[PDB]
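Residue numbers (PDB author numbering), protein chains in the order written: chain c, 2 to 84; chain 2, 323 to 493, 496 to 685; chain X, 2 to 130; chain O, 2 to 150.
Cβ coordinates follow ideal geometry from the N, Cα and C atoms, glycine included.
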Amino acid sequence: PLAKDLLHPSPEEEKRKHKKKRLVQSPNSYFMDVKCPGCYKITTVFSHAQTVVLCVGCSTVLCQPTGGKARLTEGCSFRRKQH
Amino acid sequence: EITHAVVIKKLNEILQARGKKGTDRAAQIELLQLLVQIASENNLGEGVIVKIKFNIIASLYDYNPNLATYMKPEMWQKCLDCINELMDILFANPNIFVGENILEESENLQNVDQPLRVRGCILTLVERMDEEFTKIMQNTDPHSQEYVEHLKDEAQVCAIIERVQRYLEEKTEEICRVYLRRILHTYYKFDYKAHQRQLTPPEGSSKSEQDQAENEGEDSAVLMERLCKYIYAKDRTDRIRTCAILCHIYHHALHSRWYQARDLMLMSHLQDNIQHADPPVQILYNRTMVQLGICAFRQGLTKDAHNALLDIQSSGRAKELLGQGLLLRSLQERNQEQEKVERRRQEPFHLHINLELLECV
Amino acid sequence: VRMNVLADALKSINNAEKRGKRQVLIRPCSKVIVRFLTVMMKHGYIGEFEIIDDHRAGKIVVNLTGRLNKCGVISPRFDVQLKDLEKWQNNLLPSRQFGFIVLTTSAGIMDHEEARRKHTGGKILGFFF
Amino acid sequence: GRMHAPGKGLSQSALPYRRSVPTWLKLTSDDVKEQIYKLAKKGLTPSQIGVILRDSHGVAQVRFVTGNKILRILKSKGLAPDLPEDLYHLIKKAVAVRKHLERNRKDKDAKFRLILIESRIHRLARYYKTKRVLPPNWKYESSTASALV
RNA sequence: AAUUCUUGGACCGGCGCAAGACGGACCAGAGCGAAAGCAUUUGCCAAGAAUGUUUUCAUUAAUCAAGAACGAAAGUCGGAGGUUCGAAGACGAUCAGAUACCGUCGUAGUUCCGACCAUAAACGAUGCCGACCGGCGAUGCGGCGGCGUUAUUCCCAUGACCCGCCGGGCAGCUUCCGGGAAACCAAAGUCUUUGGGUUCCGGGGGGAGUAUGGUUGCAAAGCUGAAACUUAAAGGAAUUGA
Numbered sequence: 002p003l004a005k006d007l008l009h010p011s012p013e014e015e016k017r018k019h020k021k022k023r024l025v026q027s028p029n030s031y032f033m034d035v036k037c038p039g040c041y042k043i044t045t046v047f048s049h050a051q052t053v054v055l056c057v058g059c060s061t062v063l064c065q066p067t068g069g070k071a072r073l074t075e076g077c078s079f080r081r082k083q084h
Numbered sequence: 323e324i325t326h327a328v329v330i331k332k333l334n335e336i337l338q339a340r341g342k343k344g345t346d347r348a349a350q351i352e353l354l355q356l357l358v359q360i361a362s363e364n365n366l367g368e369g370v371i372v373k374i375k376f377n378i379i380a381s382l383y384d385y386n387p388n389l390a391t392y393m394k395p396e397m398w399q400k401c402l403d404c405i406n407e408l409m410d411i412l413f414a415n416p417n418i419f420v421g422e423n424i425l426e427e428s429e430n431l432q433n434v435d436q437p438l439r440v441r442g443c444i445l446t447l448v449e450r451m452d453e454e455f456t457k458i459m460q461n462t463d464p465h466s467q468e469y470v471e472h473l474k475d476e477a478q479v480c481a482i483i484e485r486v487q488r489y490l491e492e493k496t497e498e499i500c501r502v503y504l505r506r507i508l509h510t511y512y513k514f515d516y517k518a519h520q521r522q523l524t525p526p527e528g529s530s531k532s533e534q535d536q537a538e539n540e541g542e543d544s545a546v547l548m549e550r551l552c553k554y555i556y557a558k559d560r561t562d563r564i565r566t567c568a569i570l571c572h573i574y575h576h577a578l579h580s581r582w583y584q585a586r587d588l589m590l591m592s593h594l595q596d597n598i599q600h601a602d603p604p605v606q607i608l609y610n611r612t613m614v615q616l617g618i619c620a621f622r623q624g625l626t627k628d629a630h631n632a633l634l635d636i637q638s639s640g641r642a643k644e645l646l647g648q649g650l651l652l653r654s655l656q657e658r659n660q661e662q663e664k665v666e667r668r669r670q671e672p673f674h675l676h677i678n679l680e681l682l683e684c685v
Numbered sequence: 002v003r004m005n006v007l008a009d010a011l012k013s014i015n016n017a018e019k020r021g022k023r024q025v026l027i028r029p030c031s032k033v034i035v036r037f038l039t040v041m042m043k044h045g046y047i048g049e050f051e052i053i054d055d056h057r058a059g060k061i062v063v064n065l066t067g068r069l070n071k072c073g074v075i076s077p078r079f080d081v082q083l084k085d086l087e088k089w090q091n092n093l094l095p096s097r098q099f100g101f102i103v104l105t106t107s108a109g110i111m112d113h114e115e116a117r118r119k120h121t122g123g124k125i126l127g128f129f130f
Numbered sequence: 002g003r004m005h006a007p008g009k010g011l012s013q014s015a016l017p018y019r020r021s022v023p024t025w026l027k028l029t030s031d032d033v034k035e036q037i038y039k040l041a042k043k044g045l046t047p048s049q050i051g052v053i054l055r056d057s058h059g060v061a062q063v064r065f066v067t068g069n070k071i072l073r074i075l076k077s078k079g080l081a082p083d084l085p086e087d088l089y090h091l092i093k094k095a096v097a098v099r100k101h102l103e104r105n106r107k108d109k110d111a112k113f114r115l116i117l118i119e120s121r122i123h124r125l126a127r128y129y130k131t132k133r134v135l136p137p138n139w140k141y142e143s144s145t146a147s148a149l150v
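In C-alpha cells, the structure reads:
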C-alpha cells in the first residue's frame, strides 16, 4: 500500500507496535492498587515490580518478581490506576 | 557465634530469599531454626531471638504460596508452639525488644522507622493466626469426626488471644483490636460455659480467689465491649464498634434476658444503617437479628418472635446465616463467597428456625 | 553510529519517492532538516509536512508529490566561495534550467540562486532536482 | 549495538510523554527526599533507591516529583559515594574475575573477558577525569584495585 | 592371493581383571562462542548475549598506525604415558616398471602436564557501525494477550500442546524493489540522478612470495619484500558442440 496515514494510525496499530516504534513512544507498564483481604489498606505496586513488595510491618508477601510482569499473590484484588 | 554481627548479617540474607521464585519455601525455616539452636549465648541466642522469632513464624505462613488454602496439621501445630516460645521470653522480661533503648545491643532498633509497629508485629501474628484457624474449619467434612479432631485446637487458640491479652504494655486506646479477636471467640459461646461457673452455688464450691478465676470469662463482654465502644467512638476507624456490639447483643441472647439485649440493637440504630456496610459484618447482623426472636421464643413472647423472623425465612435465600446455596450468576464472585462462608459450629440450625415460623404462626 | 542526520533524512525521502509512497516518516528531526524541507517546499517539490513532538529529537511526516527525481547530501560540508558556485552547480545539477544546490550561509539556509543574488558564499548542505 | 559484543539489543525504558505527576500520588517533594536520604544511609546506590521507590511507593521518576536527580540529591546532602557507582561495579567485577583467574590459570576465556572489562574501566575512567569527578592522578592498576571496594 | 597368527591350543563361546583412548544412536540447514572451536552424570568457580523495566550516569560513542590477548592440524624442546590408528621403515602382492593405490607388521607421532610455533580452501572465498527499501510460512531464546485439550484430583497456581502479537538470532521459500559480465544477491540494493563514518587492500600474465638486508624462533619457519629478464594474452560467467 502507498497511502497510509502515519499521522492518524488507529489505536490497535500503536498497541501492536513495539513501545519505542510507536508515533510517540509510551510505557507498556502501569501502576495498580493491590490489597490483601485481611488488612483495610491499598498499597501501590508497579506492574513489572522486580522486588518483593510487602504489606506494612511484614504482614505477608504481596507480589513475586519474574522475567516480565510480577506474579501477584492468589487472593488479592488489584485495580490498575490511570492519570 | 560472634558479637551478634554474624546473626544480624545471616538474618539479613535468609529473609532475603523470601517470596523469590527460587524460594526453597521449606528449608528456609530450617536455616531460621539453625540461627536459634546454634544461638546459645546472651544477646547472641538468649536476648534477641525475638527479632528472629517474628521471622521464624512469619516464615511458616509463607510456606503456603496461596492465601485461599490452609496450613496442614503438621504446619498448623508447630506455629501454635513457636507463637508460645515468643510469649515464654516476652512475659518474664518486661520490656520492648525490637527497640526502646536499655543498654546498646542487640535491642535499640530506632534507626528502623518506628520500634513500635515492628513491636506491634505480635498482635498481627495472633490476628493472622486467628483468621488462619478459620480456614482449618472451612475445609473439613463437618459430619465427619475429623471436624472434632480439629475443634480440640480451639482450647489452644483461645489461650493465646488470652496470654497475649493480659499483656498490657500496648507500646483501652490501641489494644481494642486483640479485644475484638478475643470477644469473637466468646460471643457464640453457650449457657453451660457462661452459666455453669456462675450457677455452681457460690458457697464452699466457688468462693476462693483463683477458684473464682474460672469466674473470669462469663462477662468478659461487660469490660472489653464498652472499651471497643467509647475509645473507638473517640478514635478514627469504624469496624470495631459495629461488630463489637452485635457480638454483645448475640451474647445477651440464648443465655441472658431479651430486655437487656434488644435495647443495644436500638441504641446503635443498625435497623436502618447496615446498608452501606461491608458483607463480612452484614451477615453478623443477620445472625444477630435471627437469634433475637429465637430467645424471645425461649422466655415466652410467641408473637414478638413471629413478626421479627418474617423477612429472613420469607426468602429462598435463608442461607444469609450459613454456607450459601444454588444456581449460577457470575462464578468468580461465587469464589469471593466461599471465602465468606462462616464456620460450621457457629451456624444457627435451619430445621430449628422453620420450627419457630410454623410454631409461632 | 548516526554521524549525519540530514543524510539519513534525505535517503529516507529518496527511497520513499522511488517506491511511489505518498508520505514518509523521517525520524531524527533537527533545525537543519526543517530549514532544508521549507526551501524544498517553497519551490514545490514536496507538499505540507507535520513535525511530531516527543520530548526528545522530534519526528517529521512529509506529504510527497511525485515531482522529486533526487534529493542528495554532500559530506563533508565543503566551503563553497561565490565564484566556485558555477563549477559546483555545473557538475551536480541536471541542466541550467531546473534543480537547486541548497547551502548554509551567513544569512541562513537558502538555494544557490538566492545566495548568488544576496552575494554570499557558504558551506554546501545538498542538492534537489 | 553492544560495545564489547556482537549483540544489537533494543530493550530499555520508555518514559511517558507527560512529565506531569499523577493525581493519586500523595507523597510530596520533601517526603521523597527524606526517604532517598534514609535508603542511601542504610547503604544503597542510586539505581537500587529508584527501584525500591517506584516498586513500593509509586514514584515513576524522582526528577518529576522533586526537581533534581537521585545522585544530585545525595551529593547535595553529602551521602554520595566517592567514585561513581558504575565504575565501582566494573572494578569489583574485574577483582572477582582476576581472583578466579589466579587459581584457574588454564582459563583462556576468563583471561580474554578480563581484558574487555579492564579496557572498559580505562575507557570510562578517563571520561570522569575530563569531567573532573576523579583526581587526574587516578590510576586503576590490578595490584591496588582489590583495595578499592 | 601371499607375507603374518596357531595342537608351546590361535580364531570362536563363557566368567573375571588391568590399561589407555573416545563419548554412538537421540543429533536437526538446532544452540553457544571474538574466531579457532564446543556433547556421558553431578558438584563448585567466574563470565555472557537476548528479553523485561515509568531505575541510574548523561555523550562517556564508531572505526583504528604503535602495542597487545587467543589462534585447528602438523612441527620443536623437557616430563608422564603408550589401548587404537600410523608419516618414515621392513616385507607380501599388482604391473612392462610401482620407489603407488591393496595387504601384514610398524618407529616418530596420535593422549596428558609445562615451555615455543603463529600458519590453513583459518571460507560466507563476502571488514566493522548506522539508516531506509517487498511478501510468506516455520524455527531457537525472552516477553505479552488468547477459545479450548491435558498433568498435579483439590484445582488456585505452575509445566506439555493449541492460536496470534513484539524484540533480538541461525536459516528458508517467493518477486520485473533494484543491482550485475552473468552465475546469482532483501543485499552483492538505495551508483554517471555518482559524497552517512572509518580500517585494510588490488592495478595484464610470468620471474615470485624468488634474491638481498632487517627482524622474531632452539629448529622448521613466520612477518616485511624487489629487480633484471620474459610474454599477447592469462583469465571470469554463460551458450552451442564433441
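DSSP beta-bridge partners for residue i?
i, result
"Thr105 (chain X)", "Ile110 (chain X), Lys124 (chain X)"
With distances taken between CB atoms, is the gap from residue i to residue j smaller than 7 Å?
i, j, result
"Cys571 (chain 2)", "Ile482 (chain 2)", "no"
"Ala81 (chain O)", "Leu88 (chain O)", "no"
"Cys552 (chain 2)", "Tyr503 (chain 2)", "yes"
"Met393 (chain 2)", "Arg667 (chain 2)", "no"
"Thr52 (chain c)", "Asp32 (chain O)", "no"
"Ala4 (chain c)", "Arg23 (chain X)", "yes"
"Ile379 (chain 2)", "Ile405 (chain 2)", "yes"
"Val63 (chain X)", "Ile47 (chain X)", "yes"
"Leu356 (chain 2)", "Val329 (chain 2)", "no"
Would DSSP call residue i helix, strand or coil?
i, result
"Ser78 (chain c)", "strand"
"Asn64 (chain X)", "strand"
"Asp452 (chain 2)", "helix"
"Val22 (chain O)", "coil"
"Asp535 (chain 2)", "helix"
"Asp80 (chain X)", "strand"
"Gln656 (chain 2)", "helix"
"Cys404 (chain 2)", "helix"
"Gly617 (chain 2)", "helix"
"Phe514 (chain 2)", "coil"
"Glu51 (chain X)", "strand"
"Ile34 (chain X)", "helix"
"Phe65 (chain O)", "helix"
"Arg667 (chain 2)", "coil"
"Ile636 (chain 2)", "helix"
Measure how close the beta-carbons of residue i and residue j come, nearest whole angstrom, since I'm counting them as under 8 Å.
i, j, result
"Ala108 (chain X)", "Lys124 (chain X)", "With 8 Å as the limit, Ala108 (chain X) and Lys124 (chain X) do not qualify as a contact, their Cβ atoms being about 13 Å apart."
"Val33 (chain X)", "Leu7 (chain X)", "5 Å"
"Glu422 (chain 2)", "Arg505 (chain 2)", "25 Å between Cβ atoms; not a contact."
"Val35 (chain c)", "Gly341 (chain 2)", "That belief does not hold up - the Cβ atoms of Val35 (chain c) and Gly341 (chain 2) are roughly 14 Å apart, past 8 Å."
"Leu69 (chain X)", "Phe128 (chain X)", "That pair is no contact at about 12 Å."
"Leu135 (chain O)", "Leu84 (chain O)", "7 Å"
"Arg550 (chain 2)", "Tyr574 (chain 2)", "The Cβ separation is near 16 Å, so there is no contact."
"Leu616 (chain 2)", "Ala632 (chain 2)", "6 Å"
"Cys64 (chain c)", "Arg72 (chain c)", "7 Å"
Where the stretch 45 to 71 of chain c meets chain 2: residues whose CB sits under 7 Å from a CB there: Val53, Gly58, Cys59, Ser60, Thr61, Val62, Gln65, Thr67
query: What are the residues of the stretch 17 to 38 of chain X that lie near chain c, defined by any Cβ-Cβ distance shorter than 7 Å?
result: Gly21, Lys22, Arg23, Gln24, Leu26
field: Short-range partners of chain c found in the stretch 23 to 45 of chain O, where Cβ spacing is below 7 Å
entry: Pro23, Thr24, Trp25
task: Could you list the residues in the stretch 61 to 95 of chain X with a C-beta less than 7 Å from some C-beta on chain c, going in chain order?
output: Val62
- request: Residues of the stretch 11 to 25 of chain c with a CB closer than 8 Å to any CB of chain O: list them in chain order, please.
  value: Here the close residues are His19, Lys20, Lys21, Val25.
- prompt: Of all the residues that make up the stretch 360 to 387 of chain 2, which are near chain c by a beta-carbon distance shorter than 8 Å?
  reply: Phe376, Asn377, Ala380, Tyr383, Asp384, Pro387
- request: Would you list, in chain order, the members of the stretch 471 to 491 of chain 2 that have their beta-carbon closer than 8 Å to a beta-carbon of chain c?
  value: none
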